[PDB]
Amino acid sequence: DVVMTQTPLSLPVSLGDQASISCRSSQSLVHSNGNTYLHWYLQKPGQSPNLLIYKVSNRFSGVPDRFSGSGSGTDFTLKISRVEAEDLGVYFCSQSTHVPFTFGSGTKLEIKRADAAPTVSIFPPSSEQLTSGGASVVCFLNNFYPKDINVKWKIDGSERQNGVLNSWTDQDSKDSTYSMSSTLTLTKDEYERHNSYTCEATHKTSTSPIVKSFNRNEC
Amino acid sequence: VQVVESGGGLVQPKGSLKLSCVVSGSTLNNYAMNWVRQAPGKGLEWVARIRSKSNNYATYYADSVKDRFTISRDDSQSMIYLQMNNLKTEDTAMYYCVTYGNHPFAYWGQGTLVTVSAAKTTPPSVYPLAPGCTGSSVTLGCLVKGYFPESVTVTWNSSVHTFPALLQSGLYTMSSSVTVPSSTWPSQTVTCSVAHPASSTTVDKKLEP
């Protein structure tokens, strides 16, 4: 198991800028036959991977000459000359020198934009869901940049981990933002045992968490 | 010239499955073939490699699939197989067979999807997300909950966010948001229409203040 470490894991770029991605390996990728079996793949959204570069620096048939690969032994770099929109996706380095063949974790190439604070909405259990014996409490965290964000749920002031499921969208087509959904799922019974429900977000854009809550007893 | 994978589908834990992959034209069958897989929302995992006849059809395996998967082939069929047995939920992935004319891992097909679940088709529960308990915009949503298999569509009747689905103990849950000016809700009708074709379901949910 040769570990393949990509850096960065996320690369914000402006269209037309140069971008570089590094790939490092646990041990040397030079084979006994003298060849170095390190490759670069691009996977675009919805699509299967495309081979960009094989054996460190050999561009695949039709791969634009703005893509180049460099490095040796353990230390490799993919460089994109001027990033076009067609270039956006996840970049994977791969090694086929040692069995089992391994892959890097991927580097998402994404659009650089200005930071934006999220627009946070909280929603109480619907009466429909309550009839059925359950109670989902939902927070939308919409149109923020950059993508990193954590949400905390608090019930009557204490943090809660059980019943929380999170969902992040990909970078938006138009405004290059990111959105997120968070659901706390309780039983009707547990919901009716507590009153104060809070989703509490923290994001680059303020040092103070964004708090949204409601009280059950008032709904 | 290229590759077509087939054989995928829905199978139960402990089940077994045989995947096939066919080369195109050209004029050579002296080459090594691989299966690489990709779990939903995850990275690439190499699974197995078989060499050509001249290299004694040697086979190597990812430790995740050893003594459970057999990669094989038939040159007269121009065909590569993946014998998958003792299937587990974490084997859920798109399966790709991957090769090279003379340029390693070059040609990838579209794949075949393998879903290892013990779940039964399940209609979604569809819940309105309305506030509250004051501003320029108002955000609404629908919570689409506990369905199988995947493929739901929320149509709001564009500032829409469609959150990709998450696996919740065997079942899928997704949510969709809409944002409209306040001058338009609740003063007039906003509804999310949810279709789940596999259970023949179409819920129209009007959002009430």
# chains A, B, ... in the order shown; residues from 1 in each chain; ligands from 1

call {"tool": "select_by_dssp", "arguments": {"residues": "stretch 98-197 of chain B", "states": "strand (DSSP E or B)", "output": "PyMOL selection string"}}
result
chain B and resi 98-99+107-108+112-116+122+125-129+137-148+153-156+160-168+171-181+191-196

call {"tool": "residues_around", "arguments": {"residues": "stretch 112-119 of chain B", "least_positions_apart": "2", "cutoff": "8 Å", "atoms": "only C-alpha atoms", "output": "list in words"}}
result
residues 5, 6, 7, 8, 9, 10, 11, 12, 13, 87, 88, 89, 90, 91, 92, 93, 94, 95, 96, 110, 121, 148, 170 and 171 of chain B

call {"tool": "write_last_selection", "arguments": {"atoms": "C-alpha atoms", "output": "short mmCIF file (atom, residue, chain, number, x, y, z; two decimals), in the first residue's frame"}}
result
data_model
loop_
_atom_site.label_atom_id
_atom_site.label_comp_id
_atom_site.auth_asym_id
_atom_site.auth_seq_id
_atom_site.Cartn_x
_atom_site.Cartn_y
_atom_site.Cartn_z
CA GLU B 5 -18.82 -2.42 -18.85
CA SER B 6 -22.04 -4.31 -18.01
CA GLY B 7 -23.60 -6.62 -15.39
CA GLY B 8 -24.25 -4.14 -12.58
CA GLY B 9 -27.53 -3.66 -10.73
CA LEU B 10 -29.15 -4.04 -7.33
CA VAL B 11 -28.06 -7.12 -5.33
CA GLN B 12 -28.40 -8.08 -1.62
CA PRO B 13 -25.62 -8.37 0.97
CA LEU B 87 -20.91 -8.99 -1.84
CA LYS B 88 -21.06 -6.36 0.94
CA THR B 89 -22.72 -2.91 1.20
CA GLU B 90 -19.34 -1.12 0.93
CA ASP B 91 -18.82 -2.74 -2.48
CA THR B 92 -21.51 -0.26 -3.70
CA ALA B 93 -19.73 1.67 -6.47
CA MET B 94 -19.52 2.50 -10.15
CA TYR B 95 -17.29 -0.20 -11.63
CA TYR B 96 -14.86 0.78 -14.35
CA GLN B 110 -18.93 5.07 -18.57
CA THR B 121 -38.49 -0.01 -2.76
CA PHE B 148 -35.49 3.69 -2.12
CA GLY B 170 -30.58 1.79 4.22
CA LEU B 171 -32.78 4.68 2.97
#

call {"tool": "atom_distance", "arguments": {"atom1": "atom CA of residue A:112", "atom2": "atom CA of residue A:173"}}
result
12.8 Å

call {"tool": "interface_residues", "arguments": {"of": "chain A", "to": "chain B", "cutoff": "7 Å", "atoms": "only C-alpha atoms", "output": "list in words"}}
result
residues 48, 49, 51, 54, 100, 101, 102, 103, 105, 106, 121, 123, 126, 128, 129, 167, 168, 169, 181, 214, 218 and 219 of chain A

call {"tool": "closest_residue", "arguments": {"among": "A:197, A:40, A:145, A:60", "to": "residue A:160", "atoms": "only C-alpha atoms"}}
result
A:197

call {"tool": "select_by_dssp", "arguments": {"residues": "stretch 7-177 of chain A", "states": "alpha helix (DSSP H)", "output": "PyMOL selection string"}}
result
chain A and resi 127-131

call {"tool": "residues_around", "arguments": {"residues": "residue A:176", "least_positions_apart": "3", "cutoff": "12 Å", "atoms": "only C-alpha atoms", "output": "count of residues only"}}
result
22

call {"tool": "residues_around", "arguments": {"residues": "residue A:141", "least_positions_apart": "4", "cutoff": "6 Å", "atoms": "only C-alpha atoms", "output": "list in words"}}
result
residues 118, 119, 120, 179 and 180 of chain A

call {"tool": "write_last_selection", "arguments": {"atoms": "N, CA, C and O atoms", "output": "mmCIF file, in the first residue's frame"}}
result
data_model
loop_
_atom_site.group_PDB
_atom_site.id
_atom_site.type_symbol
_atom_site.label_atom_id
_atom_site.label_comp_id
_atom_site.auth_asym_id
_atom_site.auth_seq_id
_atom_site.Cartn_x
_atom_site.Cartn_y
_atom_site.Cartn_z
ATOM 1 N N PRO A 118 -23.104 32.855 4.933
ATOM 2 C CA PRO A 118 -24.313 32.086 4.641
ATOM 3 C C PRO A 118 -25.622 32.725 5.093
ATOM 4 O O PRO A 118 -25.658 33.491 6.050
ATOM 5 N N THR A 119 -26.690 32.387 4.384
ATOM 6 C CA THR A 119 -28.031 32.819 4.734
ATOM 7 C C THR A 119 -28.672 31.614 5.373
ATOM 8 O O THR A 119 -28.875 30.584 4.737
ATOM 9 N N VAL A 120 -28.958 31.760 6.657
ATOM 10 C CA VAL A 120 -29.332 30.652 7.491
ATOM 11 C C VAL A 120 -30.818 30.722 7.823
ATOM 12 O O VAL A 120 -31.305 31.734 8.325
ATOM 13 N N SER A 179 -23.816 25.783 -0.825
ATOM 14 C CA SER A 179 -24.967 25.781 0.058
ATOM 15 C C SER A 179 -24.918 24.503 0.844
ATOM 16 O O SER A 179 -24.218 23.568 0.471
ATOM 17 N N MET A 180 -25.636 24.472 1.951
ATOM 18 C CA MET A 180 -25.651 23.282 2.782
ATOM 19 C C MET A 180 -27.017 23.082 3.467
ATOM 20 O O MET A 180 -27.748 24.035 3.708
#

call {"tool": "residues_around", "arguments": {"residues": "residue B:101", "least_positions_apart": "3", "cutoff": "12 Å", "atoms": "only C-alpha atoms", "output": "list in words"}}
result
residues 60 and 61 of chain A; 1, 2, 3, 23, 24, 25, 26, 27, 28, 29, 30, 31, 32, 33, 98, 104, 105, 106, 107 and 108 of chain B

call {"tool": "write_last_selection", "arguments": {"atoms": "N, CA, C and O atoms", "output": "short mmCIF file (atom, residue, chain, number, x, y, z; two decimals), in the first residue's frame"}}
result
data_model
loop_
_atom_site.label_atom_id
_atom_site.label_comp_id
_atom_site.auth_asym_id
_atom_site.auth_seq_id
_atom_site.Cartn_x
_atom_site.Cartn_y
_atom_site.Cartn_z
N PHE A 60 -1.50 12.62 -22.78
CA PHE A 60 -2.30 11.67 -23.54
C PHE A 60 -2.75 12.30 -24.85
O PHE A 60 -2.80 13.52 -24.95
N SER A 61 -3.04 11.47 -25.85
CA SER A 61 -3.59 11.90 -27.13
C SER A 61 -4.72 12.89 -26.93
O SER A 61 -5.72 12.56 -26.29
N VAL B 1 -11.15 3.58 -30.24
CA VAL B 1 -11.74 2.30 -29.75
C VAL B 1 -11.79 2.30 -28.22
O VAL B 1 -10.95 2.95 -27.58
N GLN B 2 -12.77 1.60 -27.64
CA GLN B 2 -13.02 1.73 -26.21
C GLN B 2 -13.68 0.53 -25.50
O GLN B 2 -13.69 -0.61 -25.99
N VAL B 3 -14.24 0.82 -24.33
CA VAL B 3 -14.64 -0.18 -23.37
C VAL B 3 -16.09 0.03 -22.94
O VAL B 3 -16.53 1.16 -22.67
N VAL B 23 -13.86 -4.89 -25.17
CA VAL B 23 -12.98 -3.99 -25.92
C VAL B 23 -13.62 -3.63 -27.27
O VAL B 23 -14.61 -4.26 -27.67
N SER B 24 -13.08 -2.65 -27.97
CA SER B 24 -13.64 -2.28 -29.27
C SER B 24 -12.86 -2.91 -30.41
O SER B 24 -12.63 -4.12 -30.41
N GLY B 25 -12.46 -2.09 -31.38
CA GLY B 25 -11.80 -2.58 -32.59
C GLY B 25 -10.29 -2.69 -32.48
O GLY B 25 -9.78 -3.51 -31.70
N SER B 26 -9.59 -1.87 -33.26
CA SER B 26 -8.12 -1.83 -33.26
C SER B 26 -7.51 -3.04 -33.97
O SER B 26 -7.67 -3.20 -35.18
N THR B 27 -6.82 -3.89 -33.20
CA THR B 27 -6.23 -5.12 -33.73
C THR B 27 -5.16 -5.72 -32.81
O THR B 27 -4.10 -6.15 -33.29
N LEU B 28 -5.43 -5.75 -31.50
CA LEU B 28 -4.55 -6.36 -30.48
C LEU B 28 -5.34 -6.84 -29.26
O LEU B 28 -6.27 -6.16 -28.82
N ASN B 29 -4.96 -8.01 -28.73
CA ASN B 29 -5.50 -8.53 -27.46
C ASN B 29 -4.39 -8.85 -26.43
O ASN B 29 -4.65 -9.49 -25.39
N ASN B 30 -3.18 -8.40 -26.73
CA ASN B 30 -2.00 -8.49 -25.87
C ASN B 30 -1.89 -7.20 -25.06
O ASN B 30 -1.23 -6.24 -25.49
N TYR B 31 -2.56 -7.19 -23.91
CA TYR B 31 -2.65 -6.03 -23.01
C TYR B 31 -3.24 -6.41 -21.66
O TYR B 31 -4.02 -7.36 -21.57
N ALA B 32 -2.88 -5.68 -20.61
CA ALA B 32 -3.41 -5.90 -19.26
C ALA B 32 -4.67 -5.08 -19.02
O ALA B 32 -4.77 -3.95 -19.49
N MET B 33 -5.62 -5.65 -18.28
CA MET B 33 -6.86 -4.94 -17.93
C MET B 33 -7.07 -4.82 -16.42
O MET B 33 -6.64 -5.68 -15.64
N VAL B 98 -10.38 -0.52 -16.85
CA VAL B 98 -9.46 0.53 -17.22
C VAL B 98 -8.23 -0.09 -17.85
O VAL B 98 -7.62 -1.00 -17.28
N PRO B 104 -0.68 3.81 -19.92
CA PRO B 104 -1.37 3.19 -18.76
C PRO B 104 -2.63 3.91 -18.25
O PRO B 104 -2.68 5.14 -18.21
N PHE B 105 -3.63 3.10 -17.87
CA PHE B 105 -4.99 3.51 -17.47
C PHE B 105 -5.70 4.55 -18.37
O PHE B 105 -6.53 5.33 -17.88
N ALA B 106 -5.38 4.56 -19.66
CA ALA B 106 -5.87 5.58 -20.60
C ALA B 106 -7.38 5.61 -20.83
O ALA B 106 -8.05 6.64 -20.64
N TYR B 107 -7.91 4.46 -21.27
CA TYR B 107 -9.30 4.35 -21.71
C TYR B 107 -10.21 3.78 -20.61
O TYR B 107 -10.09 2.62 -20.23
N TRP B 108 -11.08 4.67 -20.11
CA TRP B 108 -12.14 4.37 -19.15
C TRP B 108 -13.49 4.51 -19.86
O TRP B 108 -13.74 5.53 -20.53
#

call {"tool": "closest_residue", "arguments": {"among": "A:77, A:27, A:136, A:166", "to": "residue A:184", "atoms": "only C-alpha atoms"}}
result
A:136
